[PDB]
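One chain comes next, on its own, written out as structure tokens in the form deposited in one PDB entry.
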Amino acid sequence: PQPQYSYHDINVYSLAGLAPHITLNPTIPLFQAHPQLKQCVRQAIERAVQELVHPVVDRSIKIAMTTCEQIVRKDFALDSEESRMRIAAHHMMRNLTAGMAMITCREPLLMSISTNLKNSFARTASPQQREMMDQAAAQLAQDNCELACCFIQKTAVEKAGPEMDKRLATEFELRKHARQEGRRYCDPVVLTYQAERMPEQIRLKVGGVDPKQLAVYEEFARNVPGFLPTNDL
């Protein structure tokens, strides 16, 4: 596939942030000789997001949260710099949240956009006249759904930050607390396991983390599912 809107392209302050990015596609089966019904579509697109943004954001957080924490804590167990962990945690979190958000959103949104459109209730059009309204609605549902879920995706990522900072608040402390004692934090069970039962070539470096090894957590920020790549390499 292909994207259309980068991360910063859409504002989630309000549903008005949707409004500018909706594509028109002016060739239509209804709006021609009907300038009045172009204008039903915006409230329906927002209608679908407003009923679906909250329960989807909470679920995308739930699945991605426990996974990212145990993986980031395991990888950065020997690193004593909490700022490097906080960066890679939010990187992987931004990615895993946007992914599980897109899985849970699109098909409900595809059917939430068009059904909400309705158009006729706000009528007496012929059965052939109804069809060309439904074909225009099911199309415009496919046009603007990428934007419609990109909205719910960004909402979950902006809410994932504070929740991730809560569960790593434990791990963020032992590296600050050990720093006050002039020592580097090193998870004692990981230190024993890597030394006693792990080959060197795969062994976790004690001091910190190597930049060639950060590619996974760095690409977690580069390629975000559903959006443009940013600092692509």
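Residue indices: 1-based, along the sequence shown. Here the rigid core means the biggest group of C-alpha atoms that line up within 1.5 Å when the two forms are laid on top of each other.
**Q** Counting only residues of the deposited sequence, how many between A122 and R123 have no atoms in the entry (none, 1 to 3, 4 to 9, 10 or more)?
**A** In the record, 1 to 3 residues between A122 and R123 lack coordinates.
**Q** On mean Cα temperature factor in this entry, is 47 to 55 or 61 to 69 the higher one?
**A** The entry gives the higher C-alpha B-factor average to 47 to 55.
**Q** Could you settle it for me: does 151 to 159 or 133 to 141 have the higher average Cα B factor in the PDB entry?
**A** Per the PDB entry, the higher value belongs to 133 to 141.
**Q** In the PDB entry, which of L24, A221, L15, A215 has its C-alpha at the highest B-factor?
**A** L24 has the highest C-alpha B-factor of those listed.
**Q** Based on what the PDB entry reports, which of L37, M164, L191, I202 has the top C-alpha B-factor?
**A** Among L37, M164, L191, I202, the highest C-alpha B-factor in the entry belongs to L37.
**Q** Among all modelled residues of this chain, ranked by Cα B factor, put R197 in the bottom, middle or top third, i.e. lowest, middle or highest.
**A** Lowest third of the chain for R197's C-alpha B-factor.
**Q** For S83, does the deposited CA B-factor place it in the lowest, middle or highest third of the chain?
**A** Middle third, going by the recorded CA B-factors of the chain.
**Q** Which third, lowest, middle or highest, does the C-alpha temperature factor of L117 belong to within its own chain?
**A** Answer is highest: the recorded C-alpha B-factor places it there.
**Q** Going by what the PDB entry lists, where does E107 fall on CA B-factor within its chain: lowest, middle or highest third?
**A** Tercile = highest for this residue's CA B-factor.
**Q** Would you mind ranking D187 by its C-alpha B-factor against the rest of the chain and naming the third, lowest, middle or highest?
**A** According to the entry, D187 has a C-alpha B-factor in the chain's lowest third.
The protein also exists as the form deposited in another entry; that form is not presented, and the subsequent description refers to it.
**Q** Fix the rigid core, compare C-alpha positions between the shown form and the other one, and report which of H54, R203, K62, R183 shifts by 2 Å or more.
**A** The listed residue whose C-alpha shifts by at least 2 Å is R183.
**Q** Would the C-alpha of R42 be classed as shifted by 2 Å or more between the shown form and the other one after rigid-core alignment?
**A** Superposed on the core, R42 moves its C-alpha less than 2 Å between the shown form and the other one.
**Q** Once the core is aligned, does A169 move its Cα by at least 2 Å between the shown form and the other one?
**A** It does not reach a 2 Å shift.
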